[PDB]
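To be precise, the following lines are protein_7.cif, and they hold mmCIF, N, CA and C atoms.
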data_upload
loop_
_atom_site.label_atom_id
_atom_site.label_comp_id
_atom_site.auth_asym_id
_atom_site.auth_seq_id
_atom_site.Cartn_x
_atom_site.Cartn_y
_atom_site.Cartn_z
N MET M 1 63.85 88.42 125.98
CA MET M 1 65.29 88.01 125.96
C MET M 1 65.84 87.96 127.38
N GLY M 2 66.99 88.58 127.63
CA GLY M 2 67.58 88.54 128.95
C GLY M 2 66.68 89.16 130.00
N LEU M 3 67.18 89.31 131.22
CA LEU M 3 66.42 90.04 132.24
C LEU M 3 67.12 91.34 132.60
N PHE M 4 68.43 91.29 132.83
CA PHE M 4 69.15 92.52 133.14
C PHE M 4 69.06 93.49 131.98
N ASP M 5 69.14 92.99 130.75
CA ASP M 5 68.94 93.84 129.59
C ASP M 5 67.61 94.56 129.68
N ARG M 6 66.55 93.83 130.03
CA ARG M 6 65.23 94.44 130.09
C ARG M 6 65.14 95.49 131.20
N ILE M 7 65.69 95.19 132.37
CA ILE M 7 65.65 96.17 133.46
C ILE M 7 66.36 97.44 133.04
N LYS M 8 67.55 97.30 132.45
CA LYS M 8 68.30 98.49 132.09
C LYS M 8 67.61 99.24 130.95
N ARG M 9 66.94 98.54 130.05
CA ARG M 9 66.17 99.25 129.04
C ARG M 9 65.07 100.07 129.67
N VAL M 10 64.40 99.54 130.69
CA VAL M 10 63.35 100.32 131.34
C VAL M 10 63.94 101.55 132.02
N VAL M 11 65.03 101.37 132.76
CA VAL M 11 65.63 102.50 133.48
C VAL M 11 66.08 103.57 132.49
N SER M 12 66.71 103.15 131.40
CA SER M 12 67.14 104.09 130.38
C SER M 12 65.95 104.80 129.75
N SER M 13 64.89 104.06 129.43
CA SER M 13 63.74 104.69 128.80
C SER M 13 63.08 105.68 129.73
N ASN M 14 63.29 105.53 131.03
CA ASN M 14 62.74 106.51 131.95
C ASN M 14 63.63 107.74 132.05
N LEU M 15 64.94 107.54 132.19
CA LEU M 15 65.84 108.69 132.30
C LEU M 15 65.81 109.53 131.03
N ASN M 16 65.81 108.89 129.87
CA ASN M 16 65.81 109.66 128.63
C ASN M 16 64.56 110.52 128.52
N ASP M 17 63.40 109.98 128.85
CA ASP M 17 62.20 110.80 128.77
C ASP M 17 62.21 111.87 129.84
N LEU M 18 62.91 111.64 130.95
CA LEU M 18 63.06 112.70 131.93
C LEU M 18 63.86 113.86 131.37
N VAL M 19 64.95 113.55 130.66
CA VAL M 19 65.81 114.60 130.10
C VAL M 19 65.11 115.31 128.96
N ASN M 20 64.48 114.56 128.06
CA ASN M 20 63.91 115.19 126.87
C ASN M 20 62.80 116.17 127.22
N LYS M 21 62.30 116.14 128.45
CA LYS M 21 61.33 117.14 128.86
C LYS M 21 62.00 118.45 129.27
N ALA M 22 63.25 118.40 129.72
CA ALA M 22 63.94 119.61 130.14
C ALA M 22 64.42 120.43 128.95
N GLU M 23 64.76 119.78 127.84
CA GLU M 23 65.23 120.51 126.67
C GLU M 23 64.21 121.55 126.23
N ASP M 24 64.67 122.76 125.95
CA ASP M 24 63.82 123.86 125.50
C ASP M 24 64.31 124.35 124.15
N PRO M 25 63.46 124.39 123.12
CA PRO M 25 63.99 124.69 121.77
C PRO M 25 64.79 125.98 121.68
N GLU M 26 64.26 127.07 122.22
CA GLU M 26 64.87 128.37 121.98
C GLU M 26 66.32 128.41 122.46
N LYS M 27 66.65 127.66 123.51
CA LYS M 27 68.01 127.68 124.03
C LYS M 27 68.89 126.62 123.41
N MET M 28 68.36 125.42 123.19
CA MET M 28 69.19 124.37 122.63
C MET M 28 69.55 124.64 121.18
N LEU M 29 68.71 125.37 120.45
CA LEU M 29 69.13 125.78 119.11
C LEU M 29 70.40 126.62 119.19
N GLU M 30 70.42 127.60 120.09
CA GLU M 30 71.60 128.44 120.23
C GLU M 30 72.80 127.63 120.69
N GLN M 31 72.60 126.71 121.63
CA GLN M 31 73.72 125.90 122.10
C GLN M 31 74.30 125.06 120.97
N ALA M 32 73.44 124.47 120.15
CA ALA M 32 73.93 123.70 119.01
C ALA M 32 74.74 124.58 118.08
N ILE M 33 74.25 125.79 117.81
CA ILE M 33 74.99 126.68 116.92
C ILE M 33 76.35 127.02 117.51
N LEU M 34 76.38 127.29 118.81
CA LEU M 34 77.64 127.66 119.45
C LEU M 34 78.67 126.55 119.30
N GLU M 35 78.27 125.31 119.58
CA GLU M 35 79.22 124.22 119.43
C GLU M 35 79.60 123.99 117.97
N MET M 36 78.66 124.19 117.05
CA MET M 36 78.97 124.12 115.63
C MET M 36 80.16 125.02 115.31
N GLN M 37 80.06 126.28 115.74
CA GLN M 37 81.09 127.26 115.44
C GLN M 37 82.41 126.90 116.12
N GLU M 38 82.34 126.41 117.35
CA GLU M 38 83.56 126.00 118.03
C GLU M 38 84.31 124.96 117.21
N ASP M 39 83.58 123.97 116.70
CA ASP M 39 84.23 122.93 115.90
C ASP M 39 84.84 123.51 114.64
N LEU M 40 84.13 124.43 113.99
CA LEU M 40 84.70 125.04 112.79
C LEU M 40 86.01 125.74 113.10
N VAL M 41 86.05 126.46 114.22
CA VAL M 41 87.28 127.14 114.62
C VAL M 41 88.41 126.13 114.77
N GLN M 42 88.13 125.03 115.46
CA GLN M 42 89.20 124.05 115.66
C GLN M 42 89.64 123.38 114.36
N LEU M 43 88.82 123.38 113.32
CA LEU M 43 89.27 122.86 112.03
C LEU M 43 90.15 123.85 111.26
N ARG M 44 89.87 125.15 111.43
CA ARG M 44 90.71 126.14 110.76
C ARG M 44 92.19 125.89 111.04
N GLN M 45 92.52 125.56 112.29
CA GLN M 45 93.93 125.42 112.65
C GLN M 45 94.59 124.26 111.92
N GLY M 46 93.87 123.18 111.66
CA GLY M 46 94.44 122.10 110.89
C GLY M 46 94.73 122.55 109.48
N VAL M 47 93.78 123.29 108.90
CA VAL M 47 94.03 123.77 107.54
C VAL M 47 95.27 124.66 107.52
N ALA M 48 95.44 125.48 108.55
CA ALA M 48 96.58 126.39 108.58
C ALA M 48 97.89 125.63 108.59
N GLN M 49 97.97 124.55 109.37
CA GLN M 49 99.19 123.75 109.38
C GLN M 49 99.46 123.14 108.02
N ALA M 50 98.41 122.65 107.36
CA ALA M 50 98.61 122.14 106.01
C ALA M 50 99.26 123.19 105.12
N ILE M 51 98.74 124.42 105.17
CA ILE M 51 99.28 125.47 104.31
C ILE M 51 100.73 125.75 104.65
N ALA M 52 101.05 125.82 105.94
CA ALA M 52 102.42 126.11 106.34
C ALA M 52 103.38 125.05 105.82
N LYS Y 105 150.49 101.96 98.03
CA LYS Y 105 149.60 102.79 97.24
C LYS Y 105 148.49 101.96 96.60
N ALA Y 106 148.80 100.72 96.22
CA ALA Y 106 147.77 99.86 95.67
C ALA Y 106 146.56 99.81 96.59
N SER Y 107 146.78 99.58 97.89
CA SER Y 107 145.67 99.48 98.83
C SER Y 107 145.10 100.85 99.17
N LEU Y 108 145.94 101.88 99.19
CA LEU Y 108 145.44 103.22 99.46
C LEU Y 108 144.36 103.61 98.45
N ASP Y 109 144.52 103.19 97.20
CA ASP Y 109 143.51 103.52 96.19
C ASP Y 109 142.15 102.92 96.56
N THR Y 110 142.12 101.62 96.88
CA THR Y 110 140.86 100.98 97.23
C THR Y 110 140.26 101.61 98.47
N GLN Y 111 141.10 101.96 99.44
CA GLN Y 111 140.59 102.63 100.63
C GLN Y 111 139.90 103.93 100.26
N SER Y 112 140.49 104.69 99.34
CA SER Y 112 139.87 105.93 98.91
C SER Y 112 138.51 105.67 98.26
N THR Y 113 138.43 104.65 97.42
CA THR Y 113 137.15 104.34 96.78
C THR Y 113 136.09 104.01 97.83
N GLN Y 114 136.47 103.22 98.84
CA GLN Y 114 135.52 102.86 99.89
C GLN Y 114 135.03 104.10 100.62
N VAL Y 115 135.94 105.01 100.95
CA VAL Y 115 135.52 106.21 101.67
C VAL Y 115 134.57 107.04 100.82
N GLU Y 116 134.82 107.10 99.51
CA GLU Y 116 133.91 107.85 98.64
C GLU Y 116 132.52 107.24 98.64
N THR Y 117 132.44 105.91 98.50
CA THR Y 117 131.13 105.27 98.53
C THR Y 117 130.42 105.51 99.84
N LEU Y 118 131.14 105.45 100.95
CA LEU Y 118 130.52 105.69 102.25
C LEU Y 118 129.97 107.10 102.34
N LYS Y 119 130.73 108.09 101.87
CA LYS Y 119 130.23 109.46 101.91
C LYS Y 119 128.95 109.60 101.08
N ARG Y 120 128.94 108.98 99.90
CA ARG Y 120 127.74 109.03 99.07
C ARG Y 120 126.55 108.42 99.80
N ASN Y 121 126.75 107.27 100.43
CA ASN Y 121 125.65 106.61 101.14
C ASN Y 121 125.13 107.49 102.26
N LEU Y 122 126.03 108.14 102.99
CA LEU Y 122 125.57 109.00 104.08
C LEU Y 122 124.70 110.13 103.55
N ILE Y 123 125.11 110.75 102.43
CA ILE Y 123 124.29 111.83 101.88
C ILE Y 123 122.93 111.29 101.47
N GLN Y 124 122.90 110.12 100.83
CA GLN Y 124 121.62 109.55 100.43
C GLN Y 124 120.70 109.35 101.63
N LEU Y 125 121.24 108.79 102.71
CA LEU Y 125 120.42 108.57 103.89
C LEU Y 125 119.87 109.88 104.43
N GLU Y 126 120.70 110.92 104.44
CA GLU Y 126 120.19 112.20 104.93
C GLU Y 126 119.02 112.67 104.08
N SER Y 127 119.16 112.55 102.76
CA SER Y 127 118.08 113.00 101.89
C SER Y 127 116.80 112.22 102.16
N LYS Y 128 116.90 110.90 102.31
CA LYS Y 128 115.69 110.10 102.52
C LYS Y 128 115.03 110.44 103.85
N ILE Y 129 115.82 110.67 104.90
CA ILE Y 129 115.22 111.04 106.17
C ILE Y 129 114.49 112.37 106.03
N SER Y 130 115.06 113.31 105.27
CA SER Y 130 114.35 114.57 105.06
C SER Y 130 113.03 114.33 104.34
N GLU Y 131 113.03 113.45 103.34
CA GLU Y 131 111.79 113.14 102.64
C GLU Y 131 110.75 112.61 103.61
N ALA Y 132 111.15 111.70 104.49
CA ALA Y 132 110.21 111.17 105.47
C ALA Y 132 109.69 112.28 106.36
N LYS Y 133 110.56 113.20 106.76
CA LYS Y 133 110.13 114.30 107.61
C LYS Y 133 109.13 115.20 106.92
N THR Y 134 109.17 115.29 105.60
CA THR Y 134 108.10 116.00 104.90
C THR Y 134 106.82 115.17 104.84
N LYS Y 135 106.95 113.87 104.56
CA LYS Y 135 105.78 113.01 104.50
C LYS Y 135 104.99 113.05 105.79
N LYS Y 136 105.66 113.25 106.92
CA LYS Y 136 104.94 113.33 108.18
C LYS Y 136 103.95 114.49 108.17
N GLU Y 137 104.39 115.66 107.69
CA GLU Y 137 103.48 116.80 107.65
C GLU Y 137 102.37 116.57 106.64
N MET Y 138 102.69 115.94 105.51
CA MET Y 138 101.64 115.61 104.56
C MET Y 138 100.58 114.71 105.20
N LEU Y 139 101.01 113.74 106.00
CA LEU Y 139 100.06 112.86 106.68
C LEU Y 139 99.21 113.63 107.67
N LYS Y 140 99.80 114.58 108.40
CA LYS Y 140 98.97 115.39 109.29
C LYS Y 140 97.92 116.15 108.49
N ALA Y 141 98.30 116.68 107.34
CA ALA Y 141 97.31 117.34 106.49
C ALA Y 141 96.18 116.39 106.12
N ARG Y 142 96.52 115.13 105.81
CA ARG Y 142 95.48 114.16 105.49
C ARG Y 142 94.56 113.92 106.68
N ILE Y 143 95.12 113.86 107.89
CA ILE Y 143 94.29 113.67 109.08
C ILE Y 143 93.28 114.80 109.18
N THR Y 144 93.74 116.03 108.97
CA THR Y 144 92.82 117.16 109.05
C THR Y 144 91.76 117.09 107.97
N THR Y 145 92.14 116.69 106.76
CA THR Y 145 91.14 116.54 105.70
C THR Y 145 90.07 115.54 106.10
N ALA Y 146 90.49 114.42 106.68
CA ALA Y 146 89.52 113.41 107.09
C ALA Y 146 88.56 113.97 108.12
N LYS Y 147 89.09 114.66 109.14
CA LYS Y 147 88.20 115.17 110.17
C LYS Y 147 87.27 116.26 109.64
N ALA Y 148 87.76 117.11 108.74
CA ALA Y 148 86.89 118.13 108.16
C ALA Y 148 85.76 117.50 107.37
N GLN Y 149 86.08 116.51 106.54
CA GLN Y 149 85.03 115.87 105.77
C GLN Y 149 84.03 115.18 106.68
N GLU Y 150 84.50 114.53 107.75
CA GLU Y 150 83.56 113.91 108.68
C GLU Y 150 82.69 114.95 109.36
N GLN Y 151 83.24 116.14 109.61
CA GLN Y 151 82.42 117.23 110.12
C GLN Y 151 81.32 117.59 109.14
N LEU Y 152 81.66 117.66 107.85
CA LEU Y 152 80.67 118.07 106.86
C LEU Y 152 79.51 117.08 106.80
N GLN Y 153 79.81 115.79 106.78
CA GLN Y 153 78.74 114.80 106.67
C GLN Y 153 77.80 114.87 107.86
N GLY Y 154 78.33 115.14 109.05
CA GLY Y 154 77.49 115.21 110.22
C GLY Y 154 76.44 116.29 110.12
N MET Y 155 76.56 117.17 109.13
CA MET Y 155 75.64 118.28 108.96
C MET Y 155 74.38 117.89 108.20
N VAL Q 156 126.94 122.49 114.27
CA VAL Q 156 126.37 122.63 112.93
C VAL Q 156 124.90 122.26 112.96
N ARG Q 157 124.15 122.75 111.96
CA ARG Q 157 122.70 122.61 111.98
C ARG Q 157 122.25 121.16 111.91
N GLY Q 158 122.82 120.37 111.00
CA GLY Q 158 122.24 119.10 110.61
C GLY Q 158 122.68 117.88 111.38
N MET Q 159 123.46 118.02 112.45
CA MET Q 159 123.91 116.87 113.23
C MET Q 159 123.55 117.08 114.69
N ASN Q 160 123.32 115.97 115.38
CA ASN Q 160 122.78 115.98 116.73
C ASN Q 160 123.72 115.32 117.72
N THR Q 161 125.02 115.61 117.62
CA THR Q 161 125.95 115.02 118.58
C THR Q 161 125.86 115.70 119.94
N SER Q 162 125.45 116.96 120.00
CA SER Q 162 125.42 117.72 121.24
C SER Q 162 123.98 117.94 121.66
N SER Q 163 123.70 117.70 122.94
CA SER Q 163 122.34 117.86 123.43
C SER Q 163 121.91 119.32 123.42
N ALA Q 164 122.83 120.23 123.73
CA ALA Q 164 122.49 121.65 123.73
C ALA Q 164 122.00 122.09 122.36
N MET Q 165 122.74 121.75 121.31
CA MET Q 165 122.27 122.06 119.96
C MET Q 165 120.97 121.36 119.65
N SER Q 166 120.81 120.11 120.08
CA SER Q 166 119.54 119.44 119.85
C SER Q 166 118.39 120.29 120.37
N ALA Q 167 118.48 120.72 121.63
CA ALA Q 167 117.39 121.51 122.20
C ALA Q 167 117.24 122.85 121.49
N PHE Q 168 118.36 123.50 121.18
CA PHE Q 168 118.29 124.80 120.54
C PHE Q 168 117.58 124.71 119.19
N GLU Q 169 117.99 123.76 118.36
CA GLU Q 169 117.38 123.60 117.05
C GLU Q 169 115.92 123.20 117.18
N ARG Q 170 115.59 122.35 118.15
CA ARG Q 170 114.20 121.95 118.31
C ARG Q 170 113.32 123.15 118.60
N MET Q 171 113.76 124.02 119.52
CA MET Q 171 112.97 125.21 119.81
C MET Q 171 112.92 126.14 118.60
N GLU Q 172 114.02 126.26 117.87
CA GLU Q 172 114.02 127.10 116.68
C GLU Q 172 112.95 126.64 115.70
N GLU Q 173 112.91 125.33 115.43
CA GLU Q 173 111.92 124.81 114.49
C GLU Q 173 110.51 125.00 115.02
N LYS Q 174 110.32 124.81 116.32
CA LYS Q 174 108.99 125.02 116.89
C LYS Q 174 108.52 126.45 116.65
N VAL Q 175 109.41 127.42 116.86
CA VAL Q 175 109.01 128.82 116.70
C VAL Q 175 108.78 129.15 115.23
N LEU Q 176 109.62 128.64 114.34
CA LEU Q 176 109.38 128.88 112.92
C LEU Q 176 108.04 128.32 112.50
N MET Q 177 107.69 127.13 112.99
CA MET Q 177 106.39 126.56 112.68
C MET Q 177 105.26 127.43 113.21
N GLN Q 178 105.42 127.97 114.41
CA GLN Q 178 104.38 128.84 114.95
C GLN Q 178 104.18 130.07 114.08
N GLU Q 179 105.27 130.70 113.65
CA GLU Q 179 105.15 131.86 112.77
C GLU Q 179 104.50 131.47 111.45
N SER Q 180 104.87 130.31 110.90
CA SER Q 180 104.25 129.87 109.66
C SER Q 180 102.76 129.66 109.84
N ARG Q 181 102.35 129.11 110.99
CA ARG Q 181 100.93 128.98 111.28
C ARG Q 181 100.25 130.34 111.23
N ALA Q 182 100.86 131.33 111.88
CA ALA Q 182 100.25 132.66 111.88
C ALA Q 182 100.11 133.20 110.46
N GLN Q 183 101.15 133.03 109.64
CA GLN Q 183 101.10 133.55 108.28
C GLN Q 183 100.02 132.85 107.46
N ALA Q 184 99.93 131.52 107.58
CA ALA Q 184 98.90 130.79 106.86
C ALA Q 184 97.52 131.23 107.29
N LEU Q 185 97.32 131.43 108.59
CA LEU Q 185 96.02 131.91 109.05
C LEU Q 185 95.73 133.29 108.49
N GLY Q 186 96.77 134.11 108.32
CA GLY Q 186 96.59 135.39 107.66
C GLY Q 186 96.08 135.24 106.24
N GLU Q 187 96.72 134.37 105.47
CA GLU Q 187 96.31 134.17 104.08
C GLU Q 187 94.90 133.61 104.00
N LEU Q 188 94.58 132.65 104.87
CA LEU Q 188 93.35 131.88 104.71
C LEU Q 188 92.12 132.77 104.80
N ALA Q 189 92.01 133.55 105.88
CA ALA Q 189 90.81 134.35 106.11
C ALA Q 189 90.85 135.69 105.40
N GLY Q 190 91.97 136.03 104.76
CA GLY Q 190 92.07 137.28 104.03
C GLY Q 190 91.92 138.50 104.92
N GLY Q 203 104.31 147.39 92.40
CA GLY Q 203 104.64 148.76 92.76
C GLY Q 203 104.68 149.68 91.56
N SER Q 204 103.99 149.28 90.49
CA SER Q 204 104.02 150.06 89.25
C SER Q 204 103.44 151.45 89.46
N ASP Q 205 102.36 151.55 90.23
CA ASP Q 205 101.70 152.84 90.43
C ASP Q 205 102.61 153.86 91.10
N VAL Q 206 103.39 153.46 92.11
CA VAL Q 206 104.26 154.39 92.81
C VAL Q 206 105.62 154.44 92.13
N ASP Q 207 105.90 153.46 91.26
CA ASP Q 207 107.15 153.43 90.46
C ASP Q 207 107.07 154.57 89.44
#
Before we go any further, please render this structure as structure tokens.
Amino acid sequence: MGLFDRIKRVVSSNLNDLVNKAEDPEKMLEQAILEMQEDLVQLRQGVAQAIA
Amino acid sequence: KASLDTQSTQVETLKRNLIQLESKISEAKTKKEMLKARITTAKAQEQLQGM
Amino acid sequence: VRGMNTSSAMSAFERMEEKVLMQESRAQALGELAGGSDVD
């Protein structure tokens, strides 16, 4: 197809594989859980306003 | 006095209309909070599906 | 008077009053959400 599209696909496919090597399961699992809980906290407040 | 009577009727109708408008604005002010509740429901459900 | 907004001072006063009442209501709802016959 295009050419610029192809170049940027190559650059992206390189950066992504660079990042995916840094991810470590034992830590990213905990980070995901932490953000999960943060979002739940921020939803509680909406429910509270509904009740009020 | 003939005209004073009609003037009185007009003032009564105007007072009634003003009260009605106040009531409707209050209703809208409640609907606003109900809509915020709906926004929160939408975001909570979207959170659940992402799981 | 409570229900009319001819004066800016009252406008601001009532606005803050409602804001604070809403804050207290939020606290009470959060209390409920997460959770006298005997002494008579």
Handout entry: 7 Å contacts from chain Q to chain M using only N, CA and C atoms, as a list in words
Key =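 The selection requested is residues 180, 181, 184 and 185 of chain Q.
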Counting only N, CA and C atoms, which residues from chain Y have an atom at most 8 Å from any atom of chain M, and could you show them as a PDB file with N, CA and C atoms, keeping the file's coordinate frame?
ATOM      1  N   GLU Y 137     104.390 115.660 107.690  1.00  0.00           N
ATOM      2  CA  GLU Y 137     103.480 116.800 107.650  1.00  0.00           C
ATOM      3  C   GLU Y 137     102.370 116.570 106.640  1.00  0.00           C
ATOM      4  N   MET Y 138     102.690 115.940 105.510  1.00  0.00           N
ATOM      5  CA  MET Y 138     101.640 115.610 104.560  1.00  0.00           C
ATOM      6  C   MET Y 138     100.580 114.710 105.200  1.00  0.00           C
ATOM      7  N   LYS Y 140      99.800 114.580 108.400  1.00  0.00           N
ATOM      8  CA  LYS Y 140      98.970 115.390 109.290  1.00  0.00           C
ATOM      9  C   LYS Y 140      97.920 116.150 108.490  1.00  0.00           C
ATOM     10  N   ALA Y 141      98.300 116.680 107.340  1.00  0.00           N
ATOM     11  CA  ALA Y 141      97.310 117.340 106.490  1.00  0.00           C
ATOM     12  C   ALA Y 141      96.180 116.390 106.120  1.00  0.00           C
ATOM     13  N   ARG Y 142      96.520 115.130 105.810  1.00  0.00           N
ATOM     14  CA  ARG Y 142      95.480 114.160 105.490  1.00  0.00           C
ATOM     15  C   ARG Y 142      94.560 113.920 106.680  1.00  0.00           C
ATOM     16  N   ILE Y 143      95.120 113.860 107.890  1.00  0.00           N
ATOM     17  CA  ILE Y 143      94.290 113.670 109.080  1.00  0.00           C
ATOM     18  C   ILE Y 143      93.280 114.800 109.180  1.00  0.00           C
ATOM     19  N   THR Y 144      93.740 116.030 108.970  1.00  0.00           N
ATOM     20  CA  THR Y 144      92.820 117.160 109.050  1.00  0.00           C
ATOM     21  C   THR Y 144      91.760 117.090 107.970  1.00  0.00           C
ATOM     22  N   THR Y 145      92.140 116.690 106.760  1.00  0.00           N
ATOM     23  CA  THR Y 145      91.140 116.540 105.700  1.00  0.00           C
ATOM     24  C   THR Y 145      90.070 115.540 106.100  1.00  0.00           C
ATOM     25  N   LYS Y 147      89.090 114.660 109.140  1.00  0.00           N
ATOM     26  CA  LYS Y 147      88.200 115.170 110.170  1.00  0.00           C
ATOM     27  C   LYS Y 147      87.270 116.260 109.640  1.00  0.00           C
ATOM     28  N   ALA Y 148      87.760 117.110 108.740  1.00  0.00           N
ATOM     29  CA  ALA Y 148      86.890 118.130 108.160  1.00  0.00           C
ATOM     30  C   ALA Y 148      85.760 117.500 107.370  1.00  0.00           C
TER      31      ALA Y 148
END
Exercise for the section: With a distance threshold of 12 Å and counting only C-alpha atoms, extract the residues of chain Y near chain Q and express them as a list in words. Expected result: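 Every residue of chain Y that passes the 12 Å test is in residues 123, 126, 127, 129, 130 and 137 of chain Y.
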Fill in the blank from the handout: Pairwise distance, atom CA of residue Q:159 with atom N of residue Y:135, equals 19.3 Å
N, CA, C and O atoms are what I want for stretch 167-183 of chain Q; can you complete it accordingly and write them as a CSV table (one decimal), in the frame of the given file?
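Saved to part-v3.csv:
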chain,number,residue,atom,x,y,z
Q,167,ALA,N,118.5,120.7,121.6
Q,167,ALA,CA,117.4,121.5,122.2
Q,167,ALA,C,117.2,122.8,121.5
Q,167,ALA,O,116.1,123.3,121.2
Q,168,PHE,N,118.4,123.5,121.2
Q,168,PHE,CA,118.3,124.8,120.5
Q,168,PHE,C,117.6,124.7,119.2
Q,168,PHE,O,116.6,125.5,118.9
Q,169,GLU,N,118.0,123.8,118.4
Q,169,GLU,CA,117.4,123.6,117.0
Q,169,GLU,C,115.9,123.2,117.2
Q,169,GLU,O,115.1,123.6,116.4
Q,170,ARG,N,115.6,122.4,118.2
Q,170,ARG,CA,114.2,122.0,118.3
Q,170,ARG,C,113.3,123.2,118.6
Q,170,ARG,O,112.3,123.3,118.0
Q,171,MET,N,113.8,124.0,119.5
Q,171,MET,CA,113.0,125.2,119.8
Q,171,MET,C,112.9,126.1,118.6
Q,171,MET,O,111.9,126.8,118.3
Q,172,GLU,N,114.0,126.3,117.9
Q,172,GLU,CA,114.0,127.1,116.7
Q,172,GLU,C,113.0,126.6,115.7
Q,172,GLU,O,112.2,127.4,115.2
Q,173,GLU,N,112.9,125.3,115.4
Q,173,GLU,CA,111.9,124.8,114.5
Q,173,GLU,C,110.5,125.0,115.0
Q,173,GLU,O,109.6,125.3,114.3
Q,174,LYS,N,110.3,124.8,116.3
Q,174,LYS,CA,109.0,125.0,116.9
Q,174,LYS,C,108.5,126.4,116.6
Q,174,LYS,O,107.4,126.7,116.3
Q,175,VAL,N,109.4,127.4,116.9
Q,175,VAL,CA,109.0,128.8,116.7
Q,175,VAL,C,108.8,129.2,115.2
Q,175,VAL,O,107.8,129.9,114.9
Q,176,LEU,N,109.6,128.6,114.3
Q,176,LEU,CA,109.4,128.9,112.9
Q,176,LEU,C,108.0,128.3,112.5
Q,176,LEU,O,107.3,129.0,111.7
Q,177,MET,N,107.7,127.1,113.0
Q,177,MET,CA,106.4,126.6,112.7
Q,177,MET,C,105.3,127.4,113.2
Q,177,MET,O,104.2,127.6,112.5
Q,178,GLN,N,105.4,128.0,114.4
Q,178,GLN,CA,104.4,128.8,115.0
Q,178,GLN,C,104.2,130.1,114.1
Q,178,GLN,O,103.0,130.5,113.8
Q,179,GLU,N,105.3,130.7,113.6
Q,179,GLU,CA,105.2,131.9,112.8
Q,179,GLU,C,104.5,131.5,111.4
Q,179,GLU,O,103.7,132.2,110.9
Q,180,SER,N,104.9,130.3,110.9
Q,180,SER,CA,104.2,129.9,109.7
Q,180,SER,C,102.8,129.7,109.8
Q,180,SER,O,102.0,130.0,108.9
Q,181,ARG,N,102.4,129.1,111.0
Q,181,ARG,CA,100.9,129.0,111.3
Q,181,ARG,C,100.2,130.3,111.2
Q,181,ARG,O,99.2,130.5,110.6
Q,182,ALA,N,100.9,131.3,111.9
Q,182,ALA,CA,100.2,132.7,111.9
Q,182,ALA,C,100.1,133.2,110.5
Q,182,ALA,O,99.1,133.8,110.1
Q,183,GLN,N,101.2,133.0,109.6
Q,183,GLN,CA,101.1,133.6,108.3
Q,183,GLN,C,100.0,132.8,107.5
Q,183,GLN,O,99.3,133.5,106.7
